[PDB]
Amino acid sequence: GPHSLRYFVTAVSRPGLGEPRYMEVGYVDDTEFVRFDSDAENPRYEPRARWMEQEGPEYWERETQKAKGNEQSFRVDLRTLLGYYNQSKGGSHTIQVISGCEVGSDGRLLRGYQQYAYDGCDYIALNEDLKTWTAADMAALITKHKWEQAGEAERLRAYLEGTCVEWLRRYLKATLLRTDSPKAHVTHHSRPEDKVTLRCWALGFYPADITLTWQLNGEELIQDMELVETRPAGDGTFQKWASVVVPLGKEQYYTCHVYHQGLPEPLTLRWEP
């Protein structure tokens, strides 16, 4: 299947309180593998997965020095954007970036991207051609014209097609993905008068992607069902539940279905008093 190498970058100004806080986080297949945090006396790029200590001290010095350079460029960028938007020097602001390459099963580049946001809104994005830019407002247009006139898209296309895929191709290459199957159970809770709540739980699963449904007579109860957003247990696994309110005494007419990539086939379960 496909693989991804992506970096998520945050720069937050804190006028009067010190230097901006800068973070870079690297993900292989949506799993954190390296992190740089500026909030230290001697900030270093650090491994975050069990396989990254293989890299020598040469790797860590180069990446640390790269991240420190990026940090200082985003410090400048934060100041630049105050000019572009005519904002005062007293407020905190945030720049974010997502940058990366996704390759198919065949090792060919599927998608490369470089997307910037300012204070929670899209700012500029490199287009799929890896040759042109989409600007979100008239401020970002200024950056666009600067980058068109500096061969930035050229420098990016060479990174995304070249070094990104090369590093990705070798990173965790170990190519296949962990799955932990959900364990499921149903709980029973009282409601006012002649109704009860049935809650179908899925616990201990990985990855987060999952679907829970409740069926009455073969049909999924989309309208009446309450769902929580999937949430981490804190140990690497995830949790989710779905509930329905049903008539007292009709609990055995309802079936929970759990769908997860780890399961040989979906779980079906009912309230078991």
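Residue indices: 1-based, along the sequence shown.
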| property | result |
| --- | --- |
| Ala174 preceded by how many uncoordinated deposited residues after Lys173 | 1 to 3 |
| Between the two ranges 27 to 35 and 43 to 51, the one averaging a larger CA B factor in the entry | 43 to 51 |
| Per the entry, higher mean C-alpha B factor between 115 to 123 and 195 to 203 | 115 to 123 |
| Deposited CA B-factor, highest of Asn86, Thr132, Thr143, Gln72 | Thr132 |
| Residue with highest C-alpha B-factor in the PDB entry, from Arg169, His93, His189, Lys183 | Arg169 |
| B-factor third for the C-alpha atom of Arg62 within its chain | highest |
| Third assignment of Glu219 from its chain's C-alpha B-factors | highest |
| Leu78 - which third its CA temperature factor falls in, relative to the rest of the chain | lowest |
| B-factor third for the C-alpha atom of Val97 within its chain | lowest |
| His3 by Cα B-factor - lowest, middle or highest third of the modelled chain | highest |
